[PDB]
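Counting neighbours? That spans all protein chains shown, and the Cβs are built from the backbone with ideal geometry, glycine included. Each answer follows from the model by the rule given with it, or from the source it names; no laboratory read-out is quoted.
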Amino acid sequence: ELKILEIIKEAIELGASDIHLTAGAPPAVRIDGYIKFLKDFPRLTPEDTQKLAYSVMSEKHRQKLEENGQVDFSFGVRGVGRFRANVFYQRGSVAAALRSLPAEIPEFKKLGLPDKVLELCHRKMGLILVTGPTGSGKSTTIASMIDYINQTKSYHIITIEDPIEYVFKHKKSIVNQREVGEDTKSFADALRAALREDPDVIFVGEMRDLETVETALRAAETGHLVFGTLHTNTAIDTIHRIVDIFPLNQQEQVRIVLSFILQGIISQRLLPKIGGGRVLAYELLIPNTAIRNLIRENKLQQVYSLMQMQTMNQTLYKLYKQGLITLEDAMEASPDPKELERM
Amino acid sequence: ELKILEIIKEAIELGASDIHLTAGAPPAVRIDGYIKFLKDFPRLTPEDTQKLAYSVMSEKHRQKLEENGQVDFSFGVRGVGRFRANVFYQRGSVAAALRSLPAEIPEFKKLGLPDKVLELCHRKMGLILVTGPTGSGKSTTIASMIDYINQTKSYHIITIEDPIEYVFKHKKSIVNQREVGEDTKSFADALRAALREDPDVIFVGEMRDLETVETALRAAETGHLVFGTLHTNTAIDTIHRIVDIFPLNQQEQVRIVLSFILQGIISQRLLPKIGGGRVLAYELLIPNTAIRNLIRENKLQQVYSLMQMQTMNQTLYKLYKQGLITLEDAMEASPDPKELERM
Amino acid sequence: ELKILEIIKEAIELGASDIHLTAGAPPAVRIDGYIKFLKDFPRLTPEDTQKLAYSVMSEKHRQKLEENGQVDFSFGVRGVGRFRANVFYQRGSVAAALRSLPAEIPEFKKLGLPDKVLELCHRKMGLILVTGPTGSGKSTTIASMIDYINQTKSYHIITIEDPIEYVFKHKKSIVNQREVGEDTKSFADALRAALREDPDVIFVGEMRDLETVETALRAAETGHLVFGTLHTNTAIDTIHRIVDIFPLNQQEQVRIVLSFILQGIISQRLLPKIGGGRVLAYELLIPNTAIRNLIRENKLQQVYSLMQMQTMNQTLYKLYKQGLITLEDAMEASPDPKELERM
Ligand SMILES: Nc1ncnc2c1ncn2[C@@H]1O[C@H](COP(=O)(O)OP(=O)(O)OP(=O)(O)O)[C@@H](O)[C@H]1O
Ligand SMILES: Nc1ncnc2c1ncn2[C@@H]1O[C@H](COP(=O)(O)OP(=O)(O)OP(=O)(O)O)[C@@H](O)[C@H]1O
Ligand SMILES: Nc1ncnc2c1ncn2[C@@H]1O[C@H](COP(=O)(O)OP(=O)(O)OP(=O)(O)O)[C@@H](O)[C@H]1O
């Protein structure tokens, strides 16, 4: 009956994205974004959601769920795959939200980016930034690139994540992934340890604290290729942001350094497609002879004009002329309506 | 005799709003706002108000009432309903103030708002703000809306409250309610956990600390519909307030963000009615094509002029022309007498 | 089989720079900068990388790897040499990165610097600064100089390092090396203890905190010859930097003091050579009668012009006219292209 391992069975069996456990109701499941209660077998759950949750939690997690009202952790079931779990107290009673963790890195062509992007993965050092709002394929793009390196280079890759989304098998290189909160205390002191761990590639899950970006740039300018993720929407947004989070006492020297070490920037958005509904739009900036200097001279508004690698709106039109994204979709995604409509 | 469970019996039997326990007197009761001592059965209470209070308190509550001079907690009696209890030391002796907690969410038509409000509950993401002073129906309006969603959408609703006023049954969706101080340490780290708990709707009981509003806006602009409650009196008050509690280093960018994500604002006041005495007045602002831009350009005084959804005074006149609220009632409730009197 | 001591055997046997231990894969090895998995003997490693790592760790290290997710430590195997080890948690599982520590200080002529440098090692007191980015031979140059003193002077040398790179045998003098994190708590309170330890020569591994540079300069101006290492690229960079990290309340008095006590500055870069690939370029400034005063009068841009000891670009041309470093190599290494190309 009420066995967590069997609840999971039925969830993937129905292609569920999430499962939810709360007292009053039977086990719930999110399918296509709709919550459905799998009455199938299990009946309305007693306060012994606590019993189910526990059958999955470590001892330092159960400790934690007491010290504070919630835990965020991952667990693996050999049968199927891996799962992210947030357990918490609801109405004096125990509640849980399990998520499915991706079991397979997509092929690069599957994504939507051009092959001009893959050229970044061959650069010897510098910063590769993939940005965009939560749910625009940032983690996917990175995983595709890190695994592309993994297939082709004899490197030592190190990733610092929150949480570990996709997982890597050893191939031509040797991959180590560290989860903040489980393997290490912080992005920062993990990235600091990373400098002494002989890595070829370093991947910061997120760069939200300044101290991290400060270590992230240090690494980049010291022989490493570093992958980083922001939440910005354009490329100019990105460069402006990481600069304008430093004290303006040598914020100009950030612009100098970034301009040497910034290797490429990809900003992503997932718009609805006409087939299966899933299409990626993007801004792409791989700096060259000219671009490099404009950033040093902080002439960023004039940078946009040289961009013919490809501006965000150009990606929108290209996706429209072929016939995938609609006009208003192409318009609501657009940073500036004025550049389009002209198309 | 002196049995807490029986005292409660007699209180609802007389339709009491509160019951009060203190040493010198017999158990007291608030009926229609007047304190009456139910001599009925129980006699003048000994210092063993402590005995009664305890028969209702958890162990971490009795601990707390020692560590500090008071506790605030909720407890449920299957017989009738749920009760909020504040226990504290009076004159070296134990005292208690129990409140009745609402056992049934009202129908939306019962309230007083138009059906234009219910359209908010269908919005995919953004901020729904219900404001007003304590005792203007904020919690009621929200409960009516969250339960309306609950009846019609297959969502996962999460509320973070202080305390949990109304309680929800699972219906078409799956509802989780977390009480700050019992299930979680803070609004903020509960709202932070909320982001990882796969919710469709998030409800912040109160947004008094900036850090909360900062997370609340983040959630809103990241795919969630978020319900929030202030203490402001007008809609312009509201927008001005949440903006002017951010450091003015990017306080202008709050105005930009709010204008994209602010879905509707309802400000409420409960004026005396001629029948049973209970009528709601309100200001309603659902932004559209034009309004959106005025807020970005911080032209808020000119926003008022476009409002014909409905200004606070228009609600007052409408309630008067029909014959419910008196002239001075309509005047003392009014933000500006000058707009009315002209009616 | 799986014996750490034997894994090491095979690594030096193949002339490895690093060895890497992680669960999924067999023991890895970096040869010529390429990761190769030595399937030779050991098979795919179980989570009992933990077993191997432990056979090398002290008790306060194994404690540490628990308190925090990683340790950085050194260990010695009589058979071959010494090894730097960073152990850390990867995917809930134990991972390790061992480095080879240099077993023999090079002859000074082997380096690339002129004999004008060795004259510094005979100075009675002052500051000798070797600078450059990680991997430009800073530690080598110092070790060559300290050991040169060791062979010829009856001194008491003290070094404070992070970690102890090269190790010294007692010769004509008596050498003491202290590792920050193992023998002492900090560079600073080690340098502070150094003042009371009767040393002739003091060597600060790194001078990143101001408090250190403040003690480092104190020592210099108090009878000691002090060796220090920065990350700057030019000599003017160096002097400007250490000055501009003091509060400008008496930052001018730093310029006065530095100008008395700065004995020499060497800034290094390792460019690719045509033979074995390994050649050193450098900027050299040994102040004299005139130079001393220019620094007091902060006329540093005019200092460059008097430099005919030798400017960075002059070193580049000299290495090119002989035929070692290529034009673009000489150009990309150059601080200013404009000075060269004229050659
Ligand atoms: N380029 C793409 N085209 C179509 N679908 C994609 C693409 N990238 C990702 N997806 C899908 O969309 C969902 C969200 O992707 P992903 O998690 O990579 O984005 P993200 O939220 O920016 O990353 P993160 O996990 O760091 O927040 C996933 O289920 C993924 O399979
Ligand atoms: N629209 C309304 N019309 C008439 N009576 C109402 C209305 N809304 C609430 N009431 C009644 O008035 C009292 C106060 O309502 P409520 O507690 O919702 O207001 P509030 O104090 O603003 O909310 P909160 O509990 O967050 O302070 C309740 O007893 C409720 O039944
Ligand atoms: N002058 C030189 N010429 C050729 N090779 C050198 C020279 N100096 C050092 N090397 C080699 O280059 C590598 C890096 O040298 P070293 O570690 O001294 O530089 P560094 O990184 O500046 O010092 P540190 O250990 O303080 O970071 C070593 O393997 C060393 O053998």
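Where in the stretch B:187-258 are the helices (runs of 4 or more DSSP H), entirely inside, with at least 1 residues that are surrounded by fewer than 16 Cβ atoms within 10 Å (Cβ to Cβ) and away from chain A (no Cβ under 12 Å)?
Details: elements: B:187-194, B:210-220, B:235-243.
Result: B:210-220, B:235-243.
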Problem set entry | So C:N298, is it of a type outside the set (A, V, I, L, M, F, W, C), part of a helix (DSSP H, G or I) and over 27 Å from the mean Cα position of the chain (by Cα) | no
Exercise. When the stretch C:125-154 is examined, which residues are found to be in a loop (DSSP other than H, G, I, E, B) and over 16 Å from C:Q263 (Cβ atoms)?
Worked result: C:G132, C:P133, C:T134, C:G135, C:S136, C:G137, C:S154
Seminar exercise, completed: Pairs returned, first residue in the stretch C:318-343 that is within 22 Å of C:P114 (Cα to Cα), second residue that is crowded, with 18+ Cβ neighbours inside 10 Å and among the basic types (K, R), beta-carbon separation under 7 angstrom, 6 or more apart or interchain, are C:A333/C:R269
Seminar exercise, completed: Given (1) more than 9 Å from ligand 1 (Cβ to nearest atom); (2) of a type in the set (V, I, T); (3) crowded, with 18+ Cβ neighbours inside 10 Å, A:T141 misses just (1)
Exercise. Within the stretch A:174-186, can you find the residues that are in a loop (DSSP other than H, G, I, E, B) and either more than 8 Å from chain C (Cβ to nearest Cβ) or of a type in the set (S, T, N, Q) (or both)?
Worked result: A:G181, A:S186
Seminar exercise, completed: B:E59 vs (1) farther than 20 Å from B:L2 by Cβ; (2) touching a strand residue (DSSP E or B) at 6+ places or on another chain (Cβ under 8 Å): all pass except (2)
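Given the structure, is B:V77 buried (at least 22 other Cβ atoms within 10 Å of the Cβ) and either more than 25 Å from B:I4 (Cβ to Cβ) or away from ligand 2 (no atom under 16 Å from the Cβ) (or both)?
No: the conditions fail for B:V77.
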Exercise. Given the conditions (1) touching a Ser or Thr at 6+ places or on another chain (Cβ under 7 Å); (2) closer than 25 Å to B:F168 by Cα, which single one is not true for A:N86?
Worked result: (1)
For this session: Considering each of A:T152, A:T159, A:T131 in turn, give the residue that is of a type outside the set (A, V, I, L, M, F, W, C) and more than 14 Å from every other protein chain (Cβ to nearest Cβ).
Result: A:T131
Exercise. If you go through the stretch C:101-114 one residue at a time, do you hit one that is more than 16 Å from ligand 3 (Cβ to nearest atom), charged (D, E, K, R), surrounded by fewer than 21 Cβ atoms within 10 Å (Cβ to Cβ) and more than 14 Å from chain A (Cβ to nearest Cβ)?
Worked result: no
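For (1) within 12 Å of ligand 3 (Cβ to nearest atom); (2) out of contact with any helix residue (DSSP H, G or I) (no Cβ under 6 Å at 6 or more places or on another chain); (3) among the hydrophobic types (A, V, I, L, M, F, W, C); (4) assigned by CATH to the domain that holds C:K60, each residue gets a yes or a no:
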{"residue": "C:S139", "(1), (2), (3), (4)": "yes, yes, no, no"}
{"residue": "C:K171", "(1), (2), (3), (4)": "no, no, no, no"}
{"residue": "C:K185", "(1), (2), (3), (4)": "no, yes, no, no"}
{"residue": "C:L191", "(1), (2), (3), (4)": "no, no, yes, no"}
{"residue": "C:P199", "(1), (2), (3), (4)": "no, yes, no, no"}
Exercise. In this structure, is C:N86 out of contact with any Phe, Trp or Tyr (no Cβ under 6 Å at 6 or more places or on another chain) and within 17 Å of A:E179 (Cβ to Cβ)?
Worked result: no
